[PDB]
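As structure tokens, one chain now follows by itself in the form deposited in one PDB entry.
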């Protein structure tokens, strides 16, 4: 019965004008969206973007494509999409995106007897996500995907999440090592520009950075170097070579840790939480060496045990205060 199906489809496309939306000049065409999230491959702080792979499905009725006498849904080769009207959907905050092309264009067209068109695409998109790194790496980010009609206003087209809160599937599949997905939300609104009002759908995720890596890699070495710096205060004040060596070397160790670290992050003009911590730790170890200079300055140069004894208590206590204030402010 392949000649009959071929005839029916040929008839559908005979005189079909791709230039005109369904119901041109009439009420807007309602387009239902449905996303299946395959993956979020990457999240980049330095590039302020993320990479998403998804199955993007669009659902609308085109009465020009209605067919009778066939009680099936016709799955057609993806090349038929070039002979049909499709919505002019784009991702307003995308940086670079493509439809996968192996072994064929990852595209689907399914027609229904009533003229419903189910148009599916498999898309990888790099999309902008401005991040607030003031609390980094104890930060929570809101990365969105903004879906809009490019040229058709709300007079001509309308979007909705098909299935409401179930329109987006596969959020459980997202496996980012550095983030957990706390929540996702679906929004619908109209956005006004100089050229008119346009339909908008917004998918957003709340990403929460896992602290564990940073505690061990950046925070703990810093804490141990700062504590190490305090050993000087228990060393004899006559051991000038030993105590000056300890002060300098710890300072220089703190510089090597800092500079190495800075190859991992974007060139932001503001203070991250980690920058504030490392700057605090640097100041502590610097003051520990300066403490010896004061002891050195008056013992030989002009109580000495008293100044050391105060340092033995005041430095760890101040570091405890510093940590308390820091971790309360940021956690």
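Numbering follows the first chain given and starts at 1. For clarity, a rigid core is taken as the largest C-alpha set superposing within 1.5 Å between two forms.
One more form of this protein, deposited in another entry, exists but is not displayed; see below.
K.L.:
Which is the one residue in 38, 268, 66, 30 whose C-alpha moves 2 Å or more between this form and the one not shown, relative to the superposed rigid core?
P.N.:
Single residue meeting the criterion: 268.
K.L.:
Superposing on the rigid core, I want to see if residue 103 changes position between this form and the one not shown - specifically a Cα shift of 2 Å or more.
P.N.:
Not so; residue 103 is displaced by less than 2 Å.
K.L.:
On a rigid core superposition, would residue 113 pass a 2 Å threshold for CA movement between this form and the one not shown?
P.N.:
Shift at residue 113: below 2 Å after core fit.
K.L.:
Determine whether the C-alpha of residue 196 shifts by 2 Å or more between this form and the one not shown once the rigid core is superposed.
P.N.:
Residue 196: C-alpha displaced by 2 Å or more between this form and the one not shown.
K.L.:
In the other form, do the Cα atoms of residue 266 and residue 213 sit closer or farther apart than here, given a shift of 3 Å or more?
P.N.:
Compared with this form, residue 266 and residue 213 lie closer in the other form.
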